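To start, the structure itself, in structure tokens.
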Amino acid sequence: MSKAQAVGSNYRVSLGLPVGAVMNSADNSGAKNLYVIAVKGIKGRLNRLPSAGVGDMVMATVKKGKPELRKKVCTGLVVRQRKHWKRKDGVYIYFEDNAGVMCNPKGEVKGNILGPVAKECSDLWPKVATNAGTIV
Amino acid sequence: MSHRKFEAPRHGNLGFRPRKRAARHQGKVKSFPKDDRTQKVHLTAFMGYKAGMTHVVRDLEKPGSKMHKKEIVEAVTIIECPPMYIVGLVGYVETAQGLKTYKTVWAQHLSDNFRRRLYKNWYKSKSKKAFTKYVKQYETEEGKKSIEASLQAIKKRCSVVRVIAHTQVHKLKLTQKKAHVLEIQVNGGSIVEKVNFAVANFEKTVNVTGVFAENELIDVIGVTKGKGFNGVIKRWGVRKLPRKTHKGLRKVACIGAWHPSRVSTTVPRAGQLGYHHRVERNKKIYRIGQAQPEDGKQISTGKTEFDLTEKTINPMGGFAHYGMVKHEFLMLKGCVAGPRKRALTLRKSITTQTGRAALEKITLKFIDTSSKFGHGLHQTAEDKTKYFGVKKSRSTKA
Amino acid sequence: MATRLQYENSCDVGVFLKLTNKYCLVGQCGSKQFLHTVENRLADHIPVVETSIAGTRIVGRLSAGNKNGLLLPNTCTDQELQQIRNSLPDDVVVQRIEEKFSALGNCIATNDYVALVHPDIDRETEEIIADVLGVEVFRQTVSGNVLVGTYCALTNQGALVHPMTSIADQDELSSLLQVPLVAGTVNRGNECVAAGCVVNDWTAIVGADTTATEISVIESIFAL
Amino acid sequence: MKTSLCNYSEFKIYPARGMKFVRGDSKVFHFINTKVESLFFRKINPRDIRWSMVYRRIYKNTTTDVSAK
RNA sequence: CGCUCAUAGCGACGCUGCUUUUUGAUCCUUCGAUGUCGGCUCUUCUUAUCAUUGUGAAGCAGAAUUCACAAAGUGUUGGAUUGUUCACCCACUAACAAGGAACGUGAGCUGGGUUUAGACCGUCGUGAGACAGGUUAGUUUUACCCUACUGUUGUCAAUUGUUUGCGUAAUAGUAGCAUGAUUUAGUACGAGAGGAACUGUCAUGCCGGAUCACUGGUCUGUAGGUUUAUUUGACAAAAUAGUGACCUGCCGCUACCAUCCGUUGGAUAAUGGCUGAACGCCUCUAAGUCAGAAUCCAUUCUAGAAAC
RNA sequence: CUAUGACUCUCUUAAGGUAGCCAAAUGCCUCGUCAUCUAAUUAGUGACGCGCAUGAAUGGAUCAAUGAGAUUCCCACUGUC
RNA sequence: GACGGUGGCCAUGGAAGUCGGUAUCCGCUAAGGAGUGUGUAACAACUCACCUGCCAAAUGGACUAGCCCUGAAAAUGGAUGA
């Protein structure tokens with residue numbers, strides 16, 4: 001999922017948004033929430049959660065939203081993190097805010113993205129960048 | 001039972017397993033790079049002293065890597081590296097069970113290092129006064145002959161040699177009436193040359209610049225931060241009962257099981273987490289620091305371009321408590337073993353790595369001299385801080 | 001004529017790549033071949049910058065303008081700006097926009113004589129934008145969306161928009177712009193048309209995912 | 001490399017260090033300290049523990065160059 | 001059967017083994033009392049190898065899959081439900097292979113089952129009562145002995161020089177492993193559908209060793225700031241509330257809640273070849289020899305001997 | 001054929017489960033069948049009921065308040081992350 | 001060297017030993033199956049059975065049965081007792 005995009009795992013990182021946590025939709029899908037079942041890629045170990053990033057592609061479910069979406073498995077991409085992280089630049093970014101954005105396994109994101117997106121995510125994911133309302 | 005998880009990857013490493021209080025107070029390694037160099041230009045080892053950490057913005061050196069010319073920050077371990085005073089030449093000869101001390105030779109001009117290991121020693125005391133009884137070189141003309149005899153013999157007879165060097169810690173900030181002695185095995189050329197030139201150098205004093213060039217990787221050594229005895233929890237990185245309802249301990253559960261019907265080495269236990277050896281490798285070395293004759297400070301800024309000021313690497317307030325650089329120093333890549341005021345040691349790489357992001361050129365931009373609720377950045381916090389107070393403030397805290 | 005180019009084996013050639021009436025920008029991607037190709041194409045014509053915009057691989061969706069001015073948000077460093085300036089001719093104004101409230105390129109489609117703005121960008125900011133280019137600015141969305149330059153492949157010779165655009169808006173968009181708007185897509189019905197194909201008046205670039213018919217249609221639109 | 005300002009404070013962010021904050025107003029803030037970010041959150045322009053120089057600036061106690069800033 | 005074609009892959013009726021990870025059979029051991037089941041924790045080992053390393057077959061064109069050798073070096077996951085191993089789903093992953101260690105692991109835990117008393121039902125009982133039936137509530141003691149381990153002194157309670165330094169290095173341990181994106185390459189291959197690899201680069205997951213320049217965490221710095229109540233006549237400035245609360249908080253410790261660092265040589269196994277017989281040809285084998293594993297042993301690192 | 005058994009024959013012992021209720025603190029099979037709740041539920045709740053073995057003061061069914069009782073889910077809860 | 005009848009009859013209208021069914025004979029020769037595969041549209045072409053030239057003394061085979069090997073995998077580190 002794709003997997004051919006765009007590019008790499010995208011350099012330094014800090015996970016934090018783990019399994020269980022609910023994060024905002026930041027999208028014009030009828031969902032408001034994205035609950036994370038699990039995160040792609042994270043192989044893990046004994047009683048460690050597959051923790052999400054700010055780009056790391058995520059399995060999800062709309063815990064509350066449009067009841068044509070409600071229940072089921074969903075997917076998306078994580079877009080901002082409640083907790084901070086150091087960058088390639090040697091600089092920390094911070095939101096108290098946290099959010100994802102609903103998407104298909106294809107790589108395609110449906111429509112527009114409301115509020116500030118991570119730069120890293122944009123770099124990784126071209127579709128996100130394309131319909132980005134703001135990129136920091 | 002199977003286990004049943006998978007993972008249990010051996011919490012820890014059995015390659016540091018004896019994990020005890022290390023032998024040498026200084027950094028020490030019983031290994032050297034081998035013979036394919038010139039001669040005294042390649043001294044191999046050196047001894048430094050730690051004095052803390054700063055960060056330095058530079059550019060990358062990698063294409064396709066968030067731009068090969070985009071800025072990134074990185075930490076750095078700055079380390080006061082006083083020049084050393086070689087004094088003994090020592091000849092090892094290779095034999096049926098490794099190498100042995102055939103016989104040393106020592107310089108006539110100096111024998112104060114000997115003395116320095118003496119005031120701090122003895123208990124009955126017959127020979128503190130100034131003398132000896134483990135055999136050391138005195139005398140002008142008669143001892144000369146002996147020295148000559150020694151020199152030829154070692155040169156002829158087998159195998160490689162090292163130089164008894166030592167640091168000048170009196171002139172360092174931390175006061176110590178004993179100095180740290182060291183071997184710097186000599187590589188390359190031929191044995192005749194090697195033996196010969198040590199003698200010449202006794203009087204002379206080697207510089208860290210003499211050993212390393214500004215883009216060379218290091219085989220870094222030291223002795224880890226002495227935390228003291230502590231239990232199996234952060235001595236091996238184990239787990240615990242996070243919701244907590246247990247009358248035992250923070251300490252782990254099974255220690256072997258009824259298995260070989262005894263308990264094994266291979267079990268994480270309560271011991272100590274400090275003075276251990278180890279060696280971290282491939283440290284880039286970012287900038288060799290210059291000596292400071294108590295006048296100029298551009299010499300410890302580095303460049304004037306991109307630096308764009310004149311300052312020592314020492315902070316705004318400086319080091320009144322800790323190891324204060326007045327000497328030659330070294331900007332490495334971030335982190336070295338050992339605490340902020342420790343006697344490290346350095347070697348050049350055992351396998352001198354020729355790789356990209358290792359051999360390539362490094363060029364710095366900003367070196368920082370900041371601080372928080374305490375001082376600040378160089379001249380900026382020096383402006384606004386001094387109008388308030390008359391004596392309590394002098395951007396010193398002294 | 002039109003050529004079907006990739007980037008990181010993707011269909012998107014308006015994220016990594018930027019292309020207008022003049023001045024081509026590409027970010028230093030890990031792949032060099034794709035960078036080279038563009039340069040080869042635009043030899044002694046349009047200078048490629050080979051500079052990661054905002055220190056990053058994103059370029060086409062983080063920049064706006066054509067060849068009167070050229071726009072960049074506050075995220076970019078001074079150093080970054082300077083390099084960009086150096087790369088291109090020093091006739092055009094390359095200038096940083098203060099008070100960031102959006103990622104430019106997704107909200108600023110433009111022509112040689114006017115511009116299509118977000119809207120919802122602040123008034124002062126808008127004024128600055130207007131100044132930098134010289135051209136006008138006209139507050140109108142694209143039906144459904146608020147991001148224009150993403151869902152409107154705007155050039156002088158032709159303008160591509162997805163089918164979700166309404167009848168009336170399109171009619172009045174065309175009137176406003178003095179160039180007709182044509183309903184259509186690229187990359188087998190991809191919603192983001194402008195990332196799919198970047199348009200210069202002399203040669204038109206597009207992804208590999210388009211069909212034989214789609215490409216033809218786009219060619220006919222832009223007068224090539 | 002280059003310095004910038006805090007944007008909740010008159011004291012500059014020294015080169016590197018500090019922490020940003022992107023609120024969801026599409027408007028970035030930079031920050032020197034945890035003290036000041038807390039202050040920002042509280043929503044009181046740094047005038048509430050009297051080490052911080054902003055307080056000094058406004059009331060003008062024992063300050064000629066800090067007060068004019 | 002696998003079109004065709006016994007053994008690419010399976011394999012009938014039939015026949016021989018091994019295993020002790022099933023359950024029985026047995027009753028040797030224990031009723032002067034081995035604390036029974038699971039889960040957590042943690043190591044170790046086995047290989048009957050799921051992944052990865054290297055190889056060889058295939059109905060192996062490519063892709064993916066299947067079969068097999070060497071090999072146990074490194075991995076072997078997150079959850080719902082279940083007292084539960086077992087079971088069954090969701091999700092990731094290169095893969096989520098089976099096992100052993102007193103059915104590993106109760107002076108390591110927990111007690112969810114099973115284990116007494118009280119008690120509800122249902123079936124059975126004239127009844128007291130019964131249940132490999134269901135339900136519910138039910139005190140988990142002790143290491144201050146020896147050993148084993150971990151670290152910490154000290155010693156040949158002198159081997160028949162003091163005294164130290166700088167050293168060696170036998171013995172033992174030993175560490176890094178795994179992925180993806182791109183480059184190759186939309187290339188090779190393929191009618192098309194589709195669609196690789198060596199090689200290069202940048203990253204990432206877990207593993208290990210350090211460190212605190214940044215960021216965050218913490219606060220008896222009882223460092224400042226604020227304020228509750230009481231006390232000291234008032235202000236003042238203090239005390240108590242076992243640190244009164246709250247904010248801020250250096251130094252110090254510490255976080256995938258951060259940063260840095262993790263090598264190169266020989267020896268081979270399988271296996272692929274050479275020259276070349278026995279067996280005038282032949283054949284990697286017999287004599288001989290080449291290449292060749294995440295393997296072994298060195299280099300590296302730890303420790304440093306009644307060793308110098 | 002009914003789901004079931006009012007019924008008719010017949011035997012046992014006098015009769016042969018009416019109202020209701022239900023995999024219930026009562027259902028072996030059993031993780032029953034269906035619906036729901038959850039991304040996923042040997043759990044929960046609501047339906048179904050030849051019910052191994054429910055049922056009318058051995059009291060049947062209901063239920064407000066009440067409960068250091070028993071269970072499920074959601075929300076406040078994030079070092080019981 | 002490995003043929004003539006001969007492309008044996010059939011199926012075919014190509015299967016001409018060899019996709020393939022059934023008969024499977026005779027000549028001539030030192031010898032040559034109405035043919036052992038490879039190959040080919042099936043042939044052609046090549047090879048095999050079959051024979052002979054040279055070299056020059058042993059060769060071939062089906063079994064039995066000693067030792068060895070394969071078969072022959074499992075749990076602390078280990079056992080002809082070393």
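We name chains A, B, ... following the order of the structure tokens; residues begin at 1 in each chain, and ligands are numbered from 1 as shown.
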
**Study point:** Residue set, range 142-216 of chain C restricted to alpha helix (DSSP H), as a PyMOL selection string
**Key:** chain C and resi 167-177+193-196+212-216

Point to revise | Who sits within 9 Å of residue 26 in chain C, only C-alpha atoms (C1' of nucleotides), same chain under 4 positions skipped, as a ChimeraX atom specification | key: /C:16-18,35,38,48-53,57-60

Review point. So what do you get for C1' of residue 99 in chain E versus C1' of residue 50 in chain E, distance-wise?
Key: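 Rounded to one decimal, the two atoms are 14.1 Å apart.
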
Exercise for review: Identify every residue of chain B that has at least one atom within 10 Å of any atom of chain C, counting only C-alpha atoms, and report the result as a ChimeraX atom specification.
Suggested key: /B:63-71

At most 12 Å to chain C: residues in chain E, only C-alpha atoms (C1' of nucleotides), as a PDB file with C-alpha atoms (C1' of nucleotides), in the first residue's frame:
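New file part_35.pdb:
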ATOM      1  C1'   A E 181      11.892   3.084  -1.027  1.00  0.00           C
ATOM      2  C1'   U E 182      14.643   4.310  -4.959  1.00  0.00           C
ATOM      3  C1'   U E 183      19.101   3.297  -8.670  1.00  0.00           C
ATOM      4  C1'   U E 184      19.273  -0.878 -11.810  1.00  0.00           C
ATOM      5  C1'   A E 185      14.154  -0.598 -14.353  1.00  0.00           C
ATOM      6  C1'   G E 186       9.160  -0.150 -16.105  1.00  0.00           C
ATOM      7  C1'   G E 200      24.855   1.568  -5.890  1.00  0.00           C
ATOM      8  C1'   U E 201      22.256   5.163  -2.282  1.00  0.00           C
ATOM      9  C1'   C E 202      18.861   6.965   1.603  1.00  0.00           C
ATOM     10  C1'   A E 203      16.187   5.513   5.174  1.00  0.00           C
TER      11        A E 203
END

**Study point:** For CA of residue 5 in chain A and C1' of residue 91 in chain E, the interatomic separation in Å (one decimal)
**Key:**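 Straight-line distance from CA of residue 5 in chain A to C1' of residue 91 in chain E works out to 22.1 Å.
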
Review point. By how many Å are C1' of residue 24 in chain E and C1' of residue 88 in chain E apart?
Key: 28.4 Å

Can you write out as a Markdown table which residues of chain A fall within 10 Å of chain F, alongside each residue's closest atom pair and its distance in Å to one decimal, counting only C-alpha atoms (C1' of nucleotides) and ordering rows by chain and ascending residue number?
| residue | atom | partner | partner_atom | distance |
| --- | --- | --- | --- | --- |
| A:18 | CA | F:81 | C1' | 9.2 |
| A:21 | CA | F:78 | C1' | 9.5 |
| A:35 | CA | F:39 | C1' | 9.8 |
| A:36 | CA | F:39 | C1' | 9.5 |
| A:37 | CA | F:39 | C1' | 6.9 |
| A:38 | CA | F:39 | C1' | 9.8 |
| A:49 | CA | F:81 | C1' | 9.7 |
| A:59 | CA | F:39 | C1' | 9.1 |
| A:60 | CA | F:39 | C1' | 7.8 |
| A:61 | CA | F:39 | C1' | 6.5 |
| A:62 | CA | F:39 | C1' | 9.5 |
| A:63 | CA | F:39 | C1' | 9.8 |
| A:71 | CA | F:39 | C1' | 7.1 |
| A:72 | CA | F:39 | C1' | 5.5 |
| A:73 | CA | F:39 | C1' | 4.7 |
| A:74 | CA | F:39 | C1' | 8.0 |

Which neighbours of residue 37 in chain D fall inside 10 Å, counting only C-alpha atoms (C1' of nucleotides), when residues of the same chain fewer than 4 positions from it are skipped, and could you give them as a tab-separated table (two decimals) with N, CA, C and O atoms, in the first residue's frame?
chain	number	residue	atom	x	y	z
D	6	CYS	N	10.88	34.60	19.26
D	6	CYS	CA	9.94	33.66	19.86
D	6	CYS	C	8.50	33.80	19.37
D	6	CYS	O	7.80	32.81	19.22
D	8	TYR	N	6.07	34.82	21.10
D	8	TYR	CA	5.36	35.19	22.33
D	8	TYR	C	6.25	36.03	23.24
D	8	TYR	O	5.86	36.34	24.37
D	19	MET	N	11.32	25.10	20.86
D	19	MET	CA	10.26	24.22	20.34
D	19	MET	C	9.15	25.03	19.67
D	19	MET	O	8.75	26.06	20.18
D	20	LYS	N	8.65	24.55	18.54
D	20	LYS	CA	7.55	25.20	17.83
D	20	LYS	C	6.20	24.85	18.46
D	20	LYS	O	6.15	24.19	19.49
D	21	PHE	N	5.13	25.38	17.88
D	21	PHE	CA	3.76	24.98	18.20
D	21	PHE	C	2.85	25.43	17.08
D	21	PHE	O	2.70	26.63	16.83
D	29	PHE	N	3.70	29.07	15.88
D	29	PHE	CA	4.37	29.79	16.96
D	29	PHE	C	5.71	29.11	17.16
D	29	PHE	O	5.84	27.91	16.93
D	30	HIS	N	6.73	29.88	17.54
D	30	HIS	CA	7.98	29.31	18.03
D	30	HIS	C	8.00	29.56	19.53
D	30	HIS	O	7.21	30.37	20.03
D	31	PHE	N	8.86	28.86	20.26
D	31	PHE	CA	8.94	29.00	21.71
D	31	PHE	C	10.33	28.68	22.24
D	31	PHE	O	10.97	27.71	21.83
D	32	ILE	N	10.78	29.53	23.16
D	32	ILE	CA	12.09	29.44	23.80
D	32	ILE	C	12.09	28.34	24.85
D	32	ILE	O	13.04	27.56	24.97
D	33	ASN	N	10.99	28.29	25.60
D	33	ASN	CA	10.92	27.61	26.88
D	33	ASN	C	9.58	26.96	27.09
D	33	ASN	O	8.60	27.27	26.41
D	41	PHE	N	-0.30	29.55	26.74
D	41	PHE	CA	-1.49	28.72	26.94
D	41	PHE	C	-2.46	29.41	27.89
D	41	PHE	O	-3.67	29.48	27.62
D	42	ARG	N	-1.89	29.91	28.98
D	42	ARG	CA	-2.65	30.63	30.01
D	42	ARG	C	-3.38	31.82	29.40
D	42	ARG	O	-4.56	32.05	29.66
D	43	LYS	N	-2.66	32.51	28.50
D	43	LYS	CA	-3.11	33.66	27.69
D	43	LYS	C	-2.91	34.97	28.45
D	43	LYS	O	-3.81	35.81	28.53
D	46	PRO	N	3.66	37.73	28.90
D	46	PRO	CA	4.55	37.30	30.02
D	46	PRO	C	4.80	38.31	31.17
D	46	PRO	O	5.85	38.95	31.26

Exercise for review: Compute the chain B side of the contact with chain A at 10 Å, counting only C-alpha atoms, and hand it back as a ChimeraX atom specification.
Suggested key: /B:5-9,55,57,59,65-66,70-75,239

Could those residues be written to a file, using C-alpha atoms, as a PDB file, in the first residue's frame?
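Generated file (part-v6.pdb):
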ATOM      1  CA  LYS B   5       7.551 -15.478  23.531  1.00  0.00           C
ATOM      2  CA  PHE B   6       9.815 -15.053  21.375  1.00  0.00           C
ATOM      3  CA  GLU B   7      10.930 -12.380  21.939  1.00  0.00           C
ATOM      4  CA  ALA B   8      13.177 -12.690  24.853  1.00  0.00           C
ATOM      5  CA  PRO B   9      16.351 -11.671  22.977  1.00  0.00           C
ATOM      6  CA  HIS B  55      25.941  21.441  19.244  1.00  0.00           C
ATOM      7  CA  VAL B  57      25.001  23.188  12.797  1.00  0.00           C
ATOM      8  CA  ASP B  59      25.518  20.859   6.231  1.00  0.00           C
ATOM      9  CA  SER B  65      19.599  12.820   1.736  1.00  0.00           C
ATOM     10  CA  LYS B  66      17.345  15.765   2.631  1.00  0.00           C
ATOM     11  CA  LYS B  70      20.914  21.521   3.674  1.00  0.00           C
ATOM     12  CA  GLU B  71      21.722  22.361   7.289  1.00  0.00           C
ATOM     13  CA  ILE B  72      21.324  19.900  10.149  1.00  0.00           C
ATOM     14  CA  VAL B  73      22.185  20.301  13.822  1.00  0.00           C
ATOM     15  CA  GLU B  74      24.276  17.845  15.659  1.00  0.00           C
ATOM     16  CA  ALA B  75      25.727  17.494  19.103  1.00  0.00           C
ATOM     17  CA  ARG B 239      10.177  -5.282  32.256  1.00  0.00           C
TER      18      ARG B 239
END

**Study point:** Contacts of residue 34 in chain B at 8 Å (only C-alpha atoms (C1' of nucleotides); same-chain gap of 4+ positions) as JSON, numbers by chain
**Key:** {"B": [187, 188, 350]}

Resulting file, chosen residues, N, CA and C atoms, as a PDB file, in the first residue's frame:
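out_39.pdb, written as the output of this step:
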ATOM      1  N   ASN B 187      53.333   2.628  14.354  1.00  0.00           N
ATOM      2  CA  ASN B 187      53.084   1.782  13.187  1.00  0.00           C
ATOM      3  C   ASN B 187      53.756   2.333  11.949  1.00  0.00           C
ATOM      4  N   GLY B 188      54.137   1.422  11.057  1.00  0.00           N
ATOM      5  CA  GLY B 188      54.605   1.765   9.717  1.00  0.00           C
ATOM      6  C   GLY B 188      56.101   1.911   9.542  1.00  0.00           C
ATOM      7  N   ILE B 350      41.096   1.033  13.773  1.00  0.00           N
ATOM      8  CA  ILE B 350      41.819  -0.241  13.645  1.00  0.00           C
ATOM      9  C   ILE B 350      41.800  -0.590  12.165  1.00  0.00           C
TER      10      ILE B 350
END

Review point. Which one of A:98, A:104, A:29, A:130 sits closest to residue 58 in chain A if you count only C-alpha atoms?
Key: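 Selected residue with least distance to residue 58 in chain A: A:104.
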
Point to revise | Spatial neighbours of range 366-381 of chain B, max dist 9 Å, only C-alpha atoms (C1' of nucleotides), sep filter under 5 positions, as a PyMOL selection string | key: (chain B and resi 54-58+73+301-302+306-308+311-318+386+395-397) or (chain D and resi 1-2+14-16) or (chain E and resi 213+249-250)

Review point. What lies within 8 Å of residue 147 in chain C using only C-alpha atoms (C1' of nucleotides), ignoring chain neighbours under 5 positions off, as JSON, numbers by chain?
Key: {"A": [112, 131, 133], "C": [106, 107, 118, 141, 142]}
